[PDB]
Every structure is written in C-alpha cells, then in structure tokens.
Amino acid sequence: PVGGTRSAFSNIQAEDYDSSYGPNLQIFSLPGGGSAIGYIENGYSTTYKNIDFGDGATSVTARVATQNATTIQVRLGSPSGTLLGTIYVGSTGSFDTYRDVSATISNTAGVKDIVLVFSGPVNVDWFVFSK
C-alpha cells in the first residue's frame, strides 16, 4: 500500500481503530492469541483512517462473534458518510465463537477513511476487503 497507509486487502485488526464512538467499547484478548473489540452497543462505531483500496474492492469480510443477529455498516469518512454496504451478522452461538461473514460493497478505490457502525452487540476480530 501507498506510504502512510494500510492495505484494504490484508486483515485490518478491528482493535486498530484511530477513533471510536461508544463509552463502553473495549478490546478483549482471545484465548488462542489476538484481540477483538467488544462491549459494543447500537449506535457504536469505529473509524479506520487511511485504508488503501488501490484500484477497487467490491466485497468485505469480518471475523465476528455474537449471540443475536445484528449488522455492521461499512461507511466512508464518518458514521453519516456514504454507506458502502452492510454485513448481516447472524448469531454464532457465543461471543467467543468467531465466523467469517461477508457482504458486497459499492466499488471503492484509492485512499479512504472507513467507519464500522454497529446496530447491536457483536465482537470483531478483524475485517478485510477483496476484489
């Protein structure tokens, strides 16, 4: 990726946010190594600046755990910026059972700030984009 930037196409660790909304939000260690964000509620959000999408990505994948169906919006710039897509996360049976969940996104290219907006409790280990 371009200087000063993180690739869209390697895992973005969800705990590596530059900015966030949500008083309770926390990073939890995972039993086998690694970390995930959690204590997430409706209206919470994390922002990841300077993602390099190169000449285009059309899909997103997140490694997530939850006990109830919820969504993660993927937006540009801020929580009110352009909606690229929505990940529909079904229950995985536990906050420590992670599954990879994907969604398509509007074709996005070049360097962008990415915002994840949450509609309910979910844990997020990482997310990544594909062409």
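Heads up: residue numbers just count along the shown sequence, starting at 1.
For the pair 19-27 and 118-126, the mean B factor over Cα atoms is greater in 19-27. For the pair 46-54 and 76-84, the record assigns the higher mean C-alpha temperature factor to 76-84. In this PDB entry, the Cα temperature factor of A69 sits in the top third of its chain's modelled residues, the highest group.
Among the modelled residues of its chain, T92 has a C-alpha B-factor that falls in the highest third, as given in the PDB entry.
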